[PDB]
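Scroll down for the structure; my scribbles are underneath it.
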Amino acid sequence: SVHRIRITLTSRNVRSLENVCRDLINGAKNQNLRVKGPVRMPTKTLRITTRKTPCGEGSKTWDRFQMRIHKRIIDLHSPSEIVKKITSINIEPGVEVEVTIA
Amino acid sequence: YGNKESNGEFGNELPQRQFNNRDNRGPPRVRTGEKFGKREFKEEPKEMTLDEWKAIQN
Amino acid sequence: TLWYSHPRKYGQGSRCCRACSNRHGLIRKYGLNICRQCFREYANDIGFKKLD
Amino acid sequence: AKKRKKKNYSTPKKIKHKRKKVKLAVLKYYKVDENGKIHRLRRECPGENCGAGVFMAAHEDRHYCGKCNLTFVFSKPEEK
Amino acid sequence: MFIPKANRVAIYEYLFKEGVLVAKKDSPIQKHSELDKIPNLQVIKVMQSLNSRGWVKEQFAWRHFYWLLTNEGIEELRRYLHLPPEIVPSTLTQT
Amino acid sequence: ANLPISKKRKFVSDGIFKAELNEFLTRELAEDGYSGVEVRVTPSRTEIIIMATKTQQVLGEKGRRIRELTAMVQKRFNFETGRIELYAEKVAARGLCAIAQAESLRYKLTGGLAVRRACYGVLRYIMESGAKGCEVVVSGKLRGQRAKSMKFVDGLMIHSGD
Amino acid sequence: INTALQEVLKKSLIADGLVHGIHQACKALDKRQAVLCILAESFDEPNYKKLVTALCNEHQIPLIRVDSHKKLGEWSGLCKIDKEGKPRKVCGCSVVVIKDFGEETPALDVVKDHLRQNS
């Protein structure tokens, strides 16, 4: 049985994201699922704009807030064990994991 | 109606008079009351006790 | 008991600030619901460690 | 006897109550008969929510046991 | 508060079951998630009723009332429902 | 399941959750010299790491205080039982934290607490922990009506820059 | 000596069970919810005491008594224990009508037997 599976990963921190994606692609490629590897998606800059003042009264300085969420896709073609192993490890710091049947 | 640019205290009620400090409690710029020291020196459960007494029968 | 009624669920009374329940202060925007005054302090740990 | 910047004490007078729960040493209306059979003055609700001696109120042509909060006025007549 | 006795019992059972309740301070929500039997403002005031005959320690942080059921309070809320003493609250265990 | 909330709202919402855990625990676990939360959401269980110097207190005899803490997070956010579990963890080499030292100052202060012992003492302790610089600011009216500020610095302290 | 009766009230107290009052005691009596009625004696307008018997003899028959009241009030469940020998303002009952009384085991069984077949 070959099941075509697409794993989407969404998370924030630059370097940690890279290492989580790297391990999953390498382990996949080593055990020749032949992947179609790292789809690096545009980082969404989420922008909130506020006045530096609680209580408005001083010479209009604005503090604005940004957050970048980085999304990356890896495609695996395998069934039973290989799917569940590769998903459940690389886990730990701040990664949301979604697995889709196809 | 005159109302005027001359001291026009909002209130405020304070335009020039404000470093001449009332309260007579300390007065502004520290001192003295001892200060910031001196350099000089069975057994179960909630939910199943309810189930046990659900034995009403009626 | 009737007469503590009235359909509030629309227009500022009553959507209120999840950290201080101040009504007027509301940043509704990312379903955040934080309040701009609260939001400055709160901003780290919720990313918002604005680079630029 | 206080102060306010804006307003102390408008008073158009008549301070509203509240309420008394009656007194009455009650449930006075029952009859004990001379050897020995007992009859109950005030009919009680057959409506199943009621353990019923709720003892239906005596109003002119209206009787209501208020245990069902106001609901259930039988005088006199049922809905066909 | 001036609360129906059925609802009074409803707070006390559920509170002691979880050992913990949390309520958004918002006078009449009507029915706050969790305690379905009871108006939330009545929950707030009866849990405050519980509080200064403590029994419960309130940690209030976000206008959101975090109420922990302390150990003297397990004995007396156990007494309220009656259910015989060796009653364990939520002191039991899942790692 | 909390179905298809947008992926930008979803992460930021998990960000509401994480930042929420920090504020609630600082006040609650204030006696336990509480430093931080890291929340890792994983399938079927939510893992929240309580970074607290006083982990024994956080545990409480026969895991009493830990369960009380789980339960506070459970009812508030509406986690169905055992879908969230809290674990106590030591903060790396304790003395550095700044937040641990800040809690230390509040307990000392309410006990009363002479100043040059305290200010230079916390400053000394963290510098001793091998910290590059430290600044403790007291802004406050001690016994005399008017607010006074003193900054007590021993350090190479940048203050500025990224 | 009427301590058997006291036991039955504690067993009814948990079952809930133990009423608040007259208006609802008499409610229980009349349509079958009632297995016990514990009236006392000493009260002003015994025009009420007429009425206890005036509810009793029906298809549902509950009658005991019990003298000078305040002790029987403690027996129900109105005490926020200060000292071990139950100080409260000792709130006066004078009827507790027993509804449901889920249990059975000796005390309920001995009292019902004795009332039916009185020595």
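Residues in the structure tokens are numbered from 1 in each chain, the chains being A, B, ... in the order shown, and ligands are numbered from 1 in the order shown.
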Problem - Distance query residue G:22 at most 9 Å, only C-alpha atoms, self and fewer than 2 positions along chain excluded, as an NGL selection string - result: (:D and (27)) or (:G and (19-20 or 24-27 or 94-97))
Can I get the selection written as a tab-separated table (two decimals), in the first residue's frame, with N, CA, C and O atoms?
chain	number	residue	atom	x	y	z
D	27	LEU	N	-52.46	25.99	58.47
D	27	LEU	CA	-53.39	25.73	57.33
D	27	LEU	C	-54.83	25.44	57.70
D	27	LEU	O	-55.38	24.42	57.31
G	19	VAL	N	-37.48	18.28	54.76
G	19	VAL	CA	-38.38	18.96	53.92
G	19	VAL	C	-37.94	20.35	53.43
G	19	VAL	O	-37.46	20.34	52.31
G	20	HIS	N	-37.99	21.62	54.03
G	20	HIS	CA	-38.41	22.61	55.03
G	20	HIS	C	-39.58	22.93	55.95
G	20	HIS	O	-39.46	23.82	56.80
G	24	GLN	N	-45.44	22.35	52.74
G	24	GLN	CA	-44.93	21.26	51.97
G	24	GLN	C	-44.92	19.95	52.74
G	24	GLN	O	-44.77	18.87	52.15
G	25	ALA	N	-45.13	19.91	54.11
G	25	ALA	CA	-45.22	18.64	54.85
G	25	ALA	C	-46.53	18.00	54.54
G	25	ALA	O	-46.58	16.82	54.18
G	26	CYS	N	-47.59	18.84	54.57
G	26	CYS	CA	-48.99	18.52	54.38
G	26	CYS	C	-49.18	18.18	52.92
G	26	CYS	O	-50.08	17.42	52.58
G	27	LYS	N	-48.33	18.78	52.04
G	27	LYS	CA	-48.32	18.50	50.59
G	27	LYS	C	-47.95	17.08	50.39
G	27	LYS	O	-48.64	16.35	49.69
G	94	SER	N	-40.43	20.74	64.20
G	94	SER	CA	-41.73	20.37	64.76
G	94	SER	C	-42.55	19.59	63.81
G	94	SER	O	-43.50	18.92	64.24
G	95	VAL	N	-42.20	19.59	62.52
G	95	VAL	CA	-42.63	18.54	61.60
G	95	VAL	C	-41.45	18.49	60.63
G	95	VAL	O	-40.91	19.50	60.22
G	96	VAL	N	-41.01	17.24	60.39
G	96	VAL	CA	-40.23	16.88	59.23
G	96	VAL	C	-40.96	15.75	58.63
G	96	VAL	O	-41.25	14.80	59.35
G	97	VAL	N	-41.35	15.89	57.36
G	97	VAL	CA	-42.10	14.81	56.72
G	97	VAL	C	-41.13	14.15	55.85
G	97	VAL	O	-40.31	14.83	55.17
Exercise for the section: Pick out the residues sitting within 7 Å of residue G:50, and hand them over as a PyMOL selection string; count only C-alpha atoms, and ignore anything fewer than 4 positions along from it in its own chain. Expected result: (chain D and resi 32) or (chain G and resi 46+54)
Okay, now the selection with N, CA and C atoms, as a CSV table (one decimal), in the first residue's frame?
chain,number,residue,atom,x,y,z
D,32,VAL,N,-62.0,18.1,61.3
D,32,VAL,CA,-61.9,16.8,62.0
D,32,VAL,C,-63.3,16.6,62.4
G,46,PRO,N,-53.7,25.4,68.8
G,46,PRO,CA,-54.0,24.0,68.5
G,46,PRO,C,-55.1,23.7,67.6
G,54,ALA,N,-56.2,15.6,60.7
G,54,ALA,CA,-57.0,15.9,59.6
G,54,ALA,C,-56.4,15.7,58.2
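Remark: for residue G:48, the closest of the candidate residues D:5, D:31, D:11, D:46 is D:31 (distances computed over only C-alpha atoms).
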Problem - From C:36, C:9, C:24, C:18, residue lying nearest chain F [only C-alpha atoms] - result: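 Closest candidate: C:18.
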Write out, as a Markdown table, each residue of chain E that has an atom at most 8 Å from chain G, together with the closest pair of atoms and their distance in Å to one decimal, counting only C-alpha atoms, rows going by chain and rising number.
| residue | atom | partner | partner_atom | distance |
| --- | --- | --- | --- | --- |
| E:81 | CA | G:14 | CA | 6.8 |
| E:82 | CA | G:14 | CA | 5.8 |
| E:83 | CA | G:14 | CA | 7.5 |
Dump of N, CA and C atoms for the selected residues, as a PDB file, in the first residue's frame:
ATOM      1  N   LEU E  81     -23.258  17.783  51.350  1.00  0.00           N
ATOM      2  CA  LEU E  81     -23.821  16.693  50.583  1.00  0.00           C
ATOM      3  C   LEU E  81     -23.969  15.440  51.437  1.00  0.00           C
ATOM      4  N   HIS E  82     -23.295  15.474  52.638  1.00  0.00           N
ATOM      5  CA  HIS E  82     -23.320  14.405  53.638  1.00  0.00           C
ATOM      6  C   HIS E  82     -22.383  13.248  53.423  1.00  0.00           C
ATOM      7  N   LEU E  83     -22.443  12.586  52.265  1.00  0.00           N
ATOM      8  CA  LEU E  83     -21.534  11.529  51.771  1.00  0.00           C
ATOM      9  C   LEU E  83     -20.275  11.186  52.529  1.00  0.00           C
TER      10      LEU E  83
END
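In this model, the gap between atom CA of residue A:16 and atom CA of residue A:94 comes to 8.7 Å.
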Chain B residues near chain E within 10 Å, closest pair each, using only C-alpha atoms, as a tab-separated table:
residue	atom	partner	partner_atom	distance
B:42	CA	E:86	CA	6.5
B:43	CA	E:86	CA	4.3
B:44	CA	E:87	CA	5.3
B:45	CA	E:87	CA	5.1
B:46	CA	E:17	CA	5.6
B:47	CA	E:17	CA	6.6
B:48	CA	E:87	CA	9.7
B:49	CA	E:83	CA	6.3
B:50	CA	E:83	CA	7.8
B:52	CA	E:83	CA	9.5
B:53	CA	E:83	CA	8.5
Please build the interface table for chain G against chain D with a cut-off of 12 Å, listing for each qualifying residue the nearest atom pair and the distance in Å to one decimal; count only C-alpha atoms, order rows by chain and increasing number, and write it as a Markdown table.
| residue | atom | partner | partner_atom | distance |
| --- | --- | --- | --- | --- |
| G:21 | CA | D:27 | CA | 11.9 |
| G:22 | CA | D:27 | CA | 8.3 |
| G:23 | CA | D:54 | CA | 7.3 |
| G:24 | CA | D:54 | CA | 7.3 |
| G:25 | CA | D:53 | CA | 8.5 |
| G:26 | CA | D:53 | CA | 5.7 |
| G:27 | CA | D:53 | CA | 3.6 |
| G:28 | CA | D:51 | CA | 5.2 |
| G:29 | CA | D:53 | CA | 7.1 |
| G:30 | CA | D:53 | CA | 5.1 |
| G:31 | CA | D:52 | CA | 5.4 |
| G:32 | CA | D:51 | CA | 7.3 |
| G:33 | CA | D:51 | CA | 6.1 |
| G:34 | CA | D:51 | CA | 9.0 |
| G:43 | CA | D:25 | CA | 10.2 |
| G:44 | CA | D:25 | CA | 8.6 |
| G:45 | CA | D:25 | CA | 7.2 |
| G:46 | CA | D:25 | CA | 9.7 |
| G:47 | CA | D:28 | CA | 6.6 |
| G:48 | CA | D:28 | CA | 6.1 |
| G:49 | CA | D:28 | CA | 9.5 |
| G:50 | CA | D:32 | CA | 6.6 |
| G:51 | CA | D:30 | CA | 5.9 |
| G:52 | CA | D:30 | CA | 9.2 |
| G:53 | CA | D:32 | CA | 7.5 |
| G:54 | CA | D:38 | CA | 5.1 |
| G:55 | CA | D:38 | CA | 7.3 |
| G:56 | CA | D:38 | CA | 8.3 |
| G:57 | CA | D:38 | CA | 6.8 |
| G:58 | CA | D:38 | CA | 8.2 |
| G:59 | CA | D:38 | CA | 11.8 |
| G:97 | CA | D:51 | CA | 11.9 |
| G:99 | CA | D:51 | CA | 9.9 |
| G:100 | CA | D:51 | CA | 11.8 |
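The residue set within 12 Å of stretch 110-116 of chain G, counting only C-alpha atoms and dropping same-chain residues fewer than 4 places from it, reads residues 1, 2, 3, 4, 5, 6, 7, 8, 9, 35, 36, 37, 61, 62, 63, 64, 65, 104, 105 and 106 of chain G.
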Handout entry: Polymer residues at most 9 Å from stretch 27-29 of chain B, only C-alpha atoms, same-chain spacing of 5 or more positions, as number ranges by chain
Key = B: 19-22; F: 144-148
Practice task
Using only C-alpha atoms, determine which residues lie at most 10 Å from residue C:22, disregarding the query and same-chain residues fewer than 3 positions distant; provide the list as a PyMOL selection string.
Solution key: chain C and resi 15-19+25-26+34-35+37-38
Using only C-alpha atoms, what does the table of chain E residues within 9 Å of chain F look like, with each row giving the shortest atom pair and its distance in Å to one decimal, sorted by chain and ascending number, as a Markdown table?
| residue | atom | partner | partner_atom | distance |
| --- | --- | --- | --- | --- |
| E:18 | CA | F:71 | CA | 7.1 |
| E:19 | CA | F:68 | CA | 7.6 |
| E:20 | CA | F:71 | CA | 6.1 |
| E:21 | CA | F:75 | CA | 6.2 |
| E:22 | CA | F:76 | CA | 5.5 |
| E:23 | CA | F:76 | CA | 7.5 |
| E:24 | CA | F:76 | CA | 8.7 |
| E:33 | CA | F:78 | CA | 8.3 |
| E:34 | CA | F:75 | CA | 7.9 |
| E:59 | CA | F:28 | CA | 6.7 |
| E:60 | CA | F:24 | CA | 9.0 |
| E:61 | CA | F:24 | CA | 5.9 |
| E:62 | CA | F:24 | CA | 7.8 |
| E:64 | CA | F:76 | CA | 8.4 |
| E:66 | CA | F:72 | CA | 6.6 |
| E:67 | CA | F:72 | CA | 7.8 |
| E:68 | CA | F:68 | CA | 7.0 |
| E:69 | CA | F:68 | CA | 8.5 |
| E:90 | CA | F:67 | CA | 7.4 |
| E:91 | CA | F:64 | CA | 5.6 |
| E:92 | CA | F:64 | CA | 8.1 |
| E:93 | CA | F:63 | CA | 7.8 |
| E:94 | CA | F:82 | CA | 7.7 |
| E:95 | CA | F:85 | CA | 7.8 |
Got a sec to tell me which of chain E DSSP assigns to helix (DSSP H, G or I), as a PDB file with N, CA and C atoms, in the first residue's frame?
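What landed in part20.pdb:
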ATOM      1  N   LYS E   5     -32.477  26.627  46.240  1.00  0.00           N
ATOM      2  CA  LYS E   5     -31.706  25.613  46.916  1.00  0.00           C
ATOM      3  C   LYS E   5     -31.212  24.507  46.031  1.00  0.00           C
ATOM      4  N   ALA E   6     -31.944  24.142  44.963  1.00  0.00           N
ATOM      5  CA  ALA E   6     -31.517  23.166  44.006  1.00  0.00           C
ATOM      6  C   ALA E   6     -30.240  23.589  43.322  1.00  0.00           C
ATOM      7  N   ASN E   7     -30.240  24.884  42.933  1.00  0.00           N
ATOM      8  CA  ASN E   7     -29.083  25.549  42.336  1.00  0.00           C
ATOM      9  C   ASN E   7     -27.933  25.709  43.289  1.00  0.00           C
ATOM     10  N   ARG E   8     -28.174  25.893  44.616  1.00  0.00           N
ATOM     11  CA  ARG E   8     -27.215  25.983  45.684  1.00  0.00           C
ATOM     12  C   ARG E   8     -26.474  24.658  45.778  1.00  0.00           C
ATOM     13  N   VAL E   9     -27.212  23.537  45.720  1.00  0.00           N
ATOM     14  CA  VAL E   9     -26.658  22.221  45.757  1.00  0.00           C
ATOM     15  C   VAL E   9     -25.877  21.921  44.491  1.00  0.00           C
ATOM     16  N   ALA E  10     -26.324  22.467  43.325  1.00  0.00           N
ATOM     17  CA  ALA E  10     -25.729  22.255  42.055  1.00  0.00           C
ATOM     18  C   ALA E  10     -24.348  22.814  42.013  1.00  0.00           C
ATOM     19  N   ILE E  11     -24.070  24.034  42.554  1.00  0.00           N
ATOM     20  CA  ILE E  11     -22.757  24.657  42.614  1.00  0.00           C
ATOM     21  C   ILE E  11     -21.842  23.831  43.483  1.00  0.00           C
ATOM     22  N   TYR E  12     -22.329  23.420  44.678  1.00  0.00           N
ATOM     23  CA  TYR E  12     -21.521  22.806  45.717  1.00  0.00           C
ATOM     24  C   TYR E  12     -21.050  21.445  45.244  1.00  0.00           C
ATOM     25  N   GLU E  13     -21.910  20.656  44.559  1.00  0.00           N
ATOM     26  CA  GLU E  13     -21.562  19.316  44.090  1.00  0.00           C
ATOM     27  C   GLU E  13     -20.495  19.435  43.020  1.00  0.00           C
ATOM     28  N   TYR E  14     -20.721  20.274  42.035  1.00  0.00           N
ATOM     29  CA  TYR E  14     -19.890  20.401  40.888  1.00  0.00           C
ATOM     30  C   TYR E  14     -18.508  20.987  41.154  1.00  0.00           C
ATOM     31  N   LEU E  15     -18.492  21.991  42.086  1.00  0.00           N
ATOM     32  CA  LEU E  15     -17.350  22.663  42.612  1.00  0.00           C
ATOM     33  C   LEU E  15     -16.452  21.670  43.261  1.00  0.00           C
ATOM     34  N   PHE E  16     -17.031  20.790  44.146  1.00  0.00           N
ATOM     35  CA  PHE E  16     -16.265  19.888  44.951  1.00  0.00           C
ATOM     36  C   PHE E  16     -15.765  18.696  44.102  1.00  0.00           C
ATOM     37  N   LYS E  17     -16.517  18.359  43.022  1.00  0.00           N
ATOM     38  CA  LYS E  17     -16.208  17.270  42.110  1.00  0.00           C
ATOM     39  C   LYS E  17     -14.894  17.495  41.400  1.00  0.00           C
ATOM     40  N   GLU E  18     -14.744  18.732  40.867  1.00  0.00           N
ATOM     41  CA  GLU E  18     -13.612  19.179  40.078  1.00  0.00           C
ATOM     42  C   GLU E  18     -12.504  19.710  40.987  1.00  0.00           C
ATOM     43  N   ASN E  40     -24.905  32.649  36.194  1.00  0.00           N
ATOM     44  CA  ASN E  40     -23.498  32.864  36.558  1.00  0.00           C
ATOM     45  C   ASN E  40     -23.222  33.896  37.658  1.00  0.00           C
ATOM     46  N   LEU E  41     -24.015  34.939  37.757  1.00  0.00           N
ATOM     47  CA  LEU E  41     -23.837  35.897  38.830  1.00  0.00           C
ATOM     48  C   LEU E  41     -24.128  35.341  40.195  1.00  0.00           C
ATOM     49  N   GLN E  42     -25.113  34.420  40.253  1.00  0.00           N
ATOM     50  CA  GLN E  42     -25.437  33.645  41.423  1.00  0.00           C
ATOM     51  C   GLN E  42     -24.279  32.714  41.780  1.00  0.00           C
ATOM     52  N   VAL E  43     -23.561  32.139  40.762  1.00  0.00           N
ATOM     53  CA  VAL E  43     -22.399  31.297  40.979  1.00  0.00           C
ATOM     54  C   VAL E  43     -21.306  32.056  41.651  1.00  0.00           C
ATOM     55  N   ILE E  44     -21.054  33.277  41.122  1.00  0.00           N
ATOM     56  CA  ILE E  44     -20.024  34.162  41.564  1.00  0.00           C
ATOM     57  C   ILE E  44     -20.183  34.536  43.031  1.00  0.00           C
ATOM     58  N   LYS E  45     -21.403  34.900  43.449  1.00  0.00           N
ATOM     59  CA  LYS E  45     -21.704  35.367  44.765  1.00  0.00           C
ATOM     60  C   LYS E  45     -21.748  34.270  45.807  1.00  0.00           C
ATOM     61  N   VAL E  46     -22.229  33.046  45.425  1.00  0.00           N
ATOM     62  CA  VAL E  46     -22.229  31.845  46.268  1.00  0.00           C
ATOM     63  C   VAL E  46     -20.849  31.240  46.411  1.00  0.00           C
ATOM     64  N   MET E  47     -19.999  31.436  45.416  1.00  0.00           N
ATOM     65  CA  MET E  47     -18.635  30.987  45.503  1.00  0.00           C
ATOM     66  C   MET E  47     -17.786  31.931  46.276  1.00  0.00           C
ATOM     67  N   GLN E  48     -18.218  33.209  46.346  1.00  0.00           N
ATOM     68  CA  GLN E  48     -17.717  34.217  47.213  1.00  0.00           C
ATOM     69  C   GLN E  48     -18.220  33.991  48.625  1.00  0.00           C
ATOM     70  N   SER E  49     -19.435  33.421  48.773  1.00  0.00           N
ATOM     71  CA  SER E  49     -20.081  33.031  50.035  1.00  0.00           C
ATOM     72  C   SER E  49     -19.270  32.007  50.718  1.00  0.00           C
ATOM     73  N   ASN E  71      -8.731  22.325  52.031  1.00  0.00           N
ATOM     74  CA  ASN E  71      -8.900  21.076  52.716  1.00  0.00           C
ATOM     75  C   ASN E  71      -9.888  21.160  53.798  1.00  0.00           C
ATOM     76  N   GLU E  72     -10.021  22.253  54.585  1.00  0.00           N
ATOM     77  CA  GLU E  72     -11.128  22.419  55.545  1.00  0.00           C
ATOM     78  C   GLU E  72     -12.452  22.471  54.843  1.00  0.00           C
ATOM     79  N   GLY E  73     -12.465  23.108  53.652  1.00  0.00           N
ATOM     80  CA  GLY E  73     -13.613  23.181  52.801  1.00  0.00           C
ATOM     81  C   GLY E  73     -14.089  21.868  52.235  1.00  0.00           C
ATOM     82  N   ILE E  74     -13.184  20.835  52.043  1.00  0.00           N
ATOM     83  CA  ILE E  74     -13.605  19.513  51.603  1.00  0.00           C
ATOM     84  C   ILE E  74     -14.458  18.806  52.669  1.00  0.00           C
ATOM     85  N   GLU E  75     -14.184  19.028  53.987  1.00  0.00           N
ATOM     86  CA  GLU E  75     -14.816  18.423  55.109  1.00  0.00           C
ATOM     87  C   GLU E  75     -16.231  18.897  55.304  1.00  0.00           C
ATOM     88  N   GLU E  76     -16.389  20.242  55.103  1.00  0.00           N
ATOM     89  CA  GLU E  76     -17.690  20.902  55.268  1.00  0.00           C
ATOM     90  C   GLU E  76     -18.566  20.781  54.037  1.00  0.00           C
ATOM     91  N   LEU E  77     -18.021  20.768  52.783  1.00  0.00           N
ATOM     92  CA  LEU E  77     -18.831  20.575  51.589  1.00  0.00           C
ATOM     93  C   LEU E  77     -19.194  19.135  51.459  1.00  0.00           C
ATOM     94  N   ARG E  78     -18.332  18.233  52.000  1.00  0.00           N
ATOM     95  CA  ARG E  78     -18.618  16.813  52.226  1.00  0.00           C
ATOM     96  C   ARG E  78     -19.767  16.712  53.186  1.00  0.00           C
ATOM     97  N   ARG E  79     -19.814  17.590  54.225  1.00  0.00           N
ATOM     98  CA  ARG E  79     -20.896  17.589  55.187  1.00  0.00           C
ATOM     99  C   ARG E  79     -22.148  18.078  54.549  1.00  0.00           C
ATOM    100  N   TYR E  80     -22.087  19.069  53.633  1.00  0.00           N
ATOM    101  CA  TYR E  80     -23.256  19.617  52.985  1.00  0.00           C
ATOM    102  C   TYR E  80     -23.999  18.597  52.159  1.00  0.00           C
ATOM    103  N   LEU E  81     -23.258  17.783  51.350  1.00  0.00           N
ATOM    104  CA  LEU E  81     -23.821  16.693  50.583  1.00  0.00           C
ATOM    105  C   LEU E  81     -23.969  15.440  51.437  1.00  0.00           C
TER     106      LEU E  81
END
Practice task
Using only C-alpha atoms, determine which residues of chain F fall within 12 Å of chain A; present them as a PyMOL selection string.
Solution key: chain F and resi 4+6-12+14-15+18+38-43+46-49
Output C-alpha atoms of each residue in that selection to a file, as an mmCIF file, in the first residue's frame.
data_model
loop_
_atom_site.group_PDB
_atom_site.id
_atom_site.type_symbol
_atom_site.label_atom_id
_atom_site.label_comp_id
_atom_site.auth_asym_id
_atom_site.auth_seq_id
_atom_site.Cartn_x
_atom_site.Cartn_y
_atom_site.Cartn_z
ATOM 1 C CA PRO F 4 -10.532 25.601 10.561
ATOM 2 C CA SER F 6 -7.500 30.560 9.867
ATOM 3 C CA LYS F 7 -3.889 29.480 10.239
ATOM 4 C CA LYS F 8 -2.728 33.023 11.103
ATOM 5 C CA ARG F 9 -5.530 33.422 13.717
ATOM 6 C CA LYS F 10 -4.920 29.841 14.999
ATOM 7 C CA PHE F 11 -1.237 30.393 15.899
ATOM 8 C CA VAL F 12 -1.901 33.797 17.338
ATOM 9 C CA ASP F 14 -2.354 29.636 20.644
ATOM 10 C CA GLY F 15 -0.251 32.769 21.328
ATOM 11 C CA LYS F 18 0.587 30.917 25.951
ATOM 12 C CA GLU F 38 6.344 27.045 27.582
ATOM 13 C CA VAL F 39 3.251 25.478 26.048
ATOM 14 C CA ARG F 40 3.637 22.756 23.444
ATOM 15 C CA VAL F 41 0.345 21.647 21.901
ATOM 16 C CA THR F 42 0.568 18.033 20.623
ATOM 17 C CA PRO F 43 -2.220 15.621 19.401
ATOM 18 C CA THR F 46 -1.504 19.925 25.765
ATOM 19 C CA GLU F 47 1.764 20.123 27.577
ATOM 20 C CA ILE F 48 2.556 23.120 29.710
ATOM 21 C CA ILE F 49 5.901 23.338 31.338
#
Problem - Nearest residue to chain C from the set E:56, E:51, E:4, E:25 (distances using only C-alpha atoms) - result: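 Distance minimum relative to chain C lands on E:25.
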Neighbouring residues of residue B:15 were defined as those with any atom within 12 Å, considering only C-alpha atoms; residues of the same chain fewer than 6 positions away were excluded. Please report them as a short mmCIF file (atom, residue, chain, number, x, y, z; two decimals) with C-alpha atoms, in the first residue's frame.
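Output below, filename result10.cif:
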data_model
loop_
_atom_site.label_atom_id
_atom_site.label_comp_id
_atom_site.auth_asym_id
_atom_site.auth_seq_id
_atom_site.Cartn_x
_atom_site.Cartn_y
_atom_site.Cartn_z
CA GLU B 5 -5.13 83.64 27.81
CA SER B 6 -3.79 84.99 31.15
CA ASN B 7 -2.80 82.08 33.45
CA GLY B 8 -6.13 80.28 32.39
CA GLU B 9 -6.13 77.47 34.97
#
Practice task
Please measure the separation of atom CA of residue E:54 and atom CA of residue G:83, giving the value in Å to one decimal.
Solution key: 18.3 Å
Practice task
Rounded to one decimal place, report the atom CA of residue A:17-atom CA of residue A:86 distance in Å.
Solution key: 15.5 Å
Exercise for the section: Compute the chain C side of the contact with chain F at 6 Å, counting only C-alpha atoms, and hand it back as a ChimeraX atom specification. Expected result: /C:30,45-46
Requested write-out: C-alpha atoms of the selected residues, as a PDB file, in the first residue's frame:
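Listing of out-v3.pdb after writing:
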ATOM      1  CA  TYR C  30      -7.159  38.563  15.460  1.00  0.00           C
ATOM      2  CA  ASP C  45       4.643  36.236  25.328  1.00  0.00           C
ATOM      3  CA  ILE C  46       2.453  36.451  22.228  1.00  0.00           C
TER       4      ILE C  46
END
